[PDB]
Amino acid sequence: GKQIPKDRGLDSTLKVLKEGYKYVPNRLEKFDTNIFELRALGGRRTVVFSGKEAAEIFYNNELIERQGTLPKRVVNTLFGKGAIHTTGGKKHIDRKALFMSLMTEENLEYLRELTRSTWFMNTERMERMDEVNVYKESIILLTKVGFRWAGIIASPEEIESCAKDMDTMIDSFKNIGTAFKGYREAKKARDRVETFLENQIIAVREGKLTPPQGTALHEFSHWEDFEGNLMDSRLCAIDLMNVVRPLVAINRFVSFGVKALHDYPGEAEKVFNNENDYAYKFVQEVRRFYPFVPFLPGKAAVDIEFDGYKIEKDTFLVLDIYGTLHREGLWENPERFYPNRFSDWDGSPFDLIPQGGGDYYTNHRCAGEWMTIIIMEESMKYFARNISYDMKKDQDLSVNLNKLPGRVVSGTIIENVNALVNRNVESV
């Protein structure tokens, strides 16, 4: 057997956190390989593999077990106990069916319209404002859109507090399972939002709130599993937050996207015109190019052959997400921001995997991917078409690839926002 190259050390976890999104690509480049191993999270042998073929293996349910692979501290803050992400087999398929039942053309068209119109009518507010932090403005607006879409009635103060607590949770994968300053805060934030959603679910069940059929709150509150039992109210709250929290996490991509409209002159006009699905292509390129999800865990269910190496059964195994999205072979000029790369993209489930790969119904692939694209398309068309603005000069617009979680350092601060309308009025 060819020996899998080793990143040496009893535990290399702190090297991963020091290099962040660059950890995996750095080792791929140093060993000149698609696969290597290290010790992490308490000394445990961890294989990492990368590329489209790796992703096909990783989402082959006959080869890879996903249950019990997420680190417990990340379950405790990001996903919640018993979350859909932690399930497998029939239980997972059934649960996933509930999430995907929401994602009809019509329900997504409504999201599209909510997003479009909420931005549109936020224009006066942004004009008022001296500076607008896109990351922060968008997390609030997306809580309002996502709640309304989900059928959750909330006051302004509730929206704002939920958004802050969700923000904390979204960031909480940054220590990839280790103890950190903020772990207890992230738990407390989770407790707060869980309780807010649980109380609404309890009211739904008792007949005190009547959200419409087809909204996530209604459907989750009434859903029975294959033996005819409701999710307990706390579990239901957890999985309901697994709709609305990652919806608000699109703020990171909103922020990245307005950065891209600034960094790559010419893009705004192309998104504005939106010919042959350019807005879509721009959004796909924002999701490919900018860092968010580093990598994902699972375990080899059987011995697996890859690149001439053997991955023994029970090996703890990680799919590289970031490095796959930036791989030289797979994407020509991967470090170039170039939406038109998507004109000749074949739609593979295994290359463009910023939100997971594989199948929506039988794999853990993100339920909200279609939603994310739609929210992003309307958000980017808004910034390119419906307002003019200046990128504030005194800010840090960089993205530190060496730090989880991925974001624009400043948040992407704009100013002098004015509605861009063609009135076509000829003064008399």
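So that there is no doubt, residue numbering starts at 1 and follows the sequence shown.
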- line: Per the PDB entry, mean CA B-factor is higher for 111-119 or 267-275, namely for 267-275
- line: The stretch carrying the higher mean Cα B factor in the deposited entry, 276-284 or 157-165, is 276-284
message: According to the Cα B-factor stored in this entry, which of the following is highest: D171, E137, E335, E194?
response: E335
message: Per the entry's Cα B factor values, which of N60, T46, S50, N400 stands out as the maximum?
response: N60
message: Which third, lowest, middle or highest, does the C-alpha temperature factor of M103 belong to within its own chain?
response: middle
query: Based on the entry's values, in what third of the chain does the Cα temperature factor of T412 lie: lowest, middle or highest?
result: middle
message: Please say which third, lowest, middle or highest, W331 falls into when its CA temperature factor is compared across its chain.
response: highest
- prompt: Of the three thirds of its chain by CA temperature factor, lowest, middle or highest, which one includes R39?
  reply: lowest
task: Report the third (lowest, middle or highest) to which the CA temperature factor of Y309 belongs, ranking only the modelled residues of the same chain.
output: highest
